[PDB]
């Protein structure tokens, strides 16, 4: 029984967005690639290398034209004619634009591909941009986070397969089930915020009672996400704030990698 094809291309990626799949449980990465999809291209896991894997890519783009989901992690560097990422002697922006032509759906997994992320921060040495900026006439589904919970991606792909269309998206093309609400508008430490019960330093008495991390720099008030509800790793209770560290805003353009850890958020 045939599985829906997926082409995965890394640009200026750190591989964290692929590594998120190795923590997934529904599906596990082995069930993803054996049962859920046909992963037609992914350089991290591919048996083939070099000329053989460039054959696989060209064969897949032709065989599955109009049918595959294209996934990109990393930012795409446009400075100096694309040379800050060169694969098989050609700029990765050209590989991505070629793959985009035949895509049924296109997903930017992680903050780097969704909005430029850390690679486009500060002075932006390589002129790194988002996948949507490289594909202006295409609808890019953005799954931000550094990396996102892998199921923010997997349940988006499942919605496409099972129901034949993307999940509902916000005005930044982010799936609403994962990004529809501010973290601070669904955070279990909001009672402590409301009461003025704040950690002032790691290890202080408030910190050691699980009080609100706003005055440590928590960016929950200005970051859309599901980190407080879905959390991470499916063990229960695991997200940065629950472990004792403020949200850094890694989901949200202009917050993560721009504002200092301890810089205070604006509150709506």
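Residue numbers count along the first chain shown, from 1.
K.L.:
If you average the CA temperature factors as listed in the entry, which stretch comes out higher, 196-204 or 47-55?
P.N.:
Looking at the record's C-alpha B-factors, the answer is 47-55.
K.L.:
Comparing 75-83 with 109-117, which stretch shows the greater average C-alpha B-factor in the deposited entry?
P.N.:
Mean CA B-factor is higher for 75-83.
K.L.:
Quick one: which of 219, 26, 215, 65 shows the highest Cα temperature factor in the PDB entry?
P.N.:
Spelled out: the listed residue with the top C-alpha B-factor is 65.
K.L.:
Which has the highest CA B-factor per the PDB entry: 144, 166, 150, 180?
P.N.:
Highest C-alpha B-factor among the listed options: 166.
K.L.:
Compared with the other modelled residues in the chain, in which third is the CA B-factor of residue 170?
P.N.:
Tercile = middle for this residue's CA B-factor.
K.L.:
Considering only modelled residues of the same chain, in which third does the CA B-factor of residue 38 rank: lowest, middle or highest?
P.N.:
Highest third - that is where residue 38 ends up once the chain's C-alpha B-factors are sorted.
K.L.:
Thinking about Cα B factors across the chain, which third does residue 70 belong to?
P.N.:
Middle third by C-alpha B-factor.
K.L.:
Quick check on the deposited entry: does the C-alpha B-factor of residue 32 sit in the lowest, middle or highest third of its chain?
P.N.:
Its C-alpha B-factor belongs to the middle third of this chain's values.
K.L.:
Of the three thirds of its chain by CA temperature factor, lowest, middle or highest, which one includes residue 160?
P.N.:
Highest third of the chain for residue 160's C-alpha B-factor.
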